[PDB]
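Order of the sequence lines fixes the chain letters, A, B, ..., with proteins taken first and strands second; residue numbering starts at 1 for each chain.
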There are 2 protein chains.
Amino acid sequence: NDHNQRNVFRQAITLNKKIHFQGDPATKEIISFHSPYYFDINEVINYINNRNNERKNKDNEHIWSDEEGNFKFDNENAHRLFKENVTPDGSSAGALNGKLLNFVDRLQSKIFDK
Amino acid sequence: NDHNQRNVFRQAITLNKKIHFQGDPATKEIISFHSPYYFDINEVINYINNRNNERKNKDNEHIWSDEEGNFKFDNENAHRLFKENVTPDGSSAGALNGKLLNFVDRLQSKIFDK
DNA sequence: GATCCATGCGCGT
DNA sequence: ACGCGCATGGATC
């Protein structure tokens, strides 16, 4: 695996751990990658699959359209990339478009392994 | 230092084992890189030599063409790169274009080692 | 240290 | 726009 594939795996897990955590916001902000709370690993790939299909806008940023509407990709508003029914919007390839496709096939081989 | 040379080698062998598998599809999905199933090695070299000649279009997706017609390169169409007679249709060079020429030469020089 | 490889920037059609 | 050429860089042993 490369380093950007390694990075996206951590940003998937460290953020999915935050969303599924149902406590006070104070200890929500101390949640880390090494921290042991529940995270959905199927949505981790769903974050990666969309991060495999990025496309930036004219102003060097990512525009993403979901059933709620077209939204910016930033810190507050990246938690809605965890479902499969999310469509991208852009012209050129994203910062990780086509790079994480090999990372998906190794992950689903691990989960669906008997 | 061989990353791009690594995953194309493991993906070609893993996919070729599912192609030549003649059993129930329940145990076809559990076929992996370390699984002891038969794969034709001349198709594996053909697949890597084909991905040496990739040509991604404007949409950063690699369109190919065989005798049945042009096809997108995806998981279900990745078996069509095992044949030699495929020609790419693309506006620009692919992600692995010209990157595995030395990988193929080292692969062929070892297969015909008596 | 060298080999190998990849990413990038510049100049050409 | 894409292709080729060159340069920088870093991954290892």
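Figure legend. D:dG5 is base-paired to no nucleotide; pairs are counted as Watson-Crick or G-U wobble with both atom distances under 3.5 Å. If you check C:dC9 for Watson-Crick or wobble pairing at under 3.5 angstrom, you find it has no partner at all. With a 3.5 Å ceiling on both atom-pair distances, the Watson-Crick or G-U wobble partner of D:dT12 is C:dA2.
Aromatic rings of A:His20 and A:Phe39 (six-membered ring for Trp) have centroids beyond the 6.0 Å cut-off, not under it.
Heavy atoms of B:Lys56 sit nowhere under 4.0 angstrom from any nucleic acid atom. Using a 4.0 Å heavy-atom criterion, one finds that B:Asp2 contacts no nucleic acid atom at all.
Listed for the B:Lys17 side chain is a donor-acceptor partner under 3.5 Å among the backbone atoms of B:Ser35.
Considering only side-chain atoms of B:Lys99, the nucleotide from D:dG3, C:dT7, D:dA1 that sits closest is C:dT7. Across C:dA6, D:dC2, C:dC5, the shortest atom-to-atom separation from the side chain of B:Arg106 is found for C:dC5.
B:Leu96 has its CG atom 14 Å from the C1' atom of C:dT7, to the nearest Å. With rounding to whole Å, B:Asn57 atom CG is found 15 Å from D:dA1 atom P. The nearest whole Å value for the distance from the CG atom in B:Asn4 to the P atom in D:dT12 is 14 Å. Distance A:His3 NE2 to D:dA11 P: 8 Å, rounded to the nearest Å. Atom P of nucleotide C:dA6 and atom CG of B:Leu100 are separated by 8 Å, given to the nearest angstrom. Regarding B:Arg55, its CZ atom lies at a distance of 13 Å from the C1' atom of D:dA1, rounded to whole Å. The CG atom of B:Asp59 sits 17 Å away from the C1' atom of D:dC2 (whole-angstrom rounding).
Regarding contacts with the backbone of D:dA11, every side-chain N or O of B:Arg6 stays at 4.0 angstrom or more from both OP1 and OP2. For B:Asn102 and C:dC4, the shortest distance from a side-chain N or O to OP1 or OP2 is not below 4.0 Å. At D:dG10, none of the side-chain N or O atoms of B:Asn1 fall inside 4.0 Å of OP1 or OP2 (strictly under the cut-off).
A salt bridge does not link B:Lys18 with B:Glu29: every distance from a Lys NZ or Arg NE/NH1/NH2 to an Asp or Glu carboxylate oxygen is 4.0 Å or more. A salt bridge links B:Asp59 to A:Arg55: at least one charged side-chain nitrogen sits closer than 4.0 Å to a carboxylate oxygen.
Side-chain polar atoms of B:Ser32 and B:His34 form a donor-acceptor pair below 3.5 angstrom.
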